[PDB]
């Protein structure tokens, strides 16, 4: 479906502050998880996006089963990688996902697909591709975005603040964009504060990594500055 078509129904005519907006503060972000030693961030990113939509559009706090996507998503390759859109297409084809209480995550351990391990399931109606130049807008009115990114070995040493490591060569990981912010950093020479912009991102390396699971990555007031090729792939699940 058209991004422009859908955006009209959610934006209206009003403008918006391009400096800051954080879904963690607007009932739009569920708890960080851990993909562990398994190339399955494509599942965490996607499921994550759906959990958000449920929290936002329906005030329902539900956490869903990545293990199921790992087991049951036949377009993707489980612990060995996958694609975000393949993940959504598979959610639709399966008629929704079990809650992770019913279908826990067991990473790389041999597990069989079994889509009747829960009675109630949560699905999406469709999904949407976001233009690399409408990230903040899509964030503001549509919610958190499942995106691709290019990570180097430096991300593993990231602890706090705005990321200042090398970027990656090629897209290779999935994460969630959950907002944007700006902090003023005082200029040594000037002793004046200076505005700095960043995207706020949800990773799946558990909560001992980064800012309790999240990382801040440099952007600009417009959100066109896309470090680490972030947002090259970008999708939002629609549940309504």
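Numbering follows the first chain given and starts at 1.
Higher mean CA temperature factor, per the PDB entry, when comparing 230-238 with 4-12: 4-12. Averaged over their C-alpha atoms, the temperature factors of 143-151 and 129-137 are higher for 129-137. Take 68, 211, 184, 51 and read off each C-alpha B-factor from the entry; 184 has the highest. Residues shown: 82, 123, 168, 104. Highest C-alpha temperature factor in the entry: 168. When the modelled residues of the chain are ordered by their C-alpha B factor, residue 206 lands in the lowest third. Ranked by C-alpha B-factor against the other modelled residues of its chain, residue 31 falls in the middle third. For residue 112, the recorded CA temperature factor ranks within the middle third of the chain's modelled residues.
Remark: residue 40 belongs to the lowest third of its chain, ranked by C-alpha B-factor as recorded. Residue 95: CA B factor in the highest third of modelled residues in this chain (values from the PDB entry).
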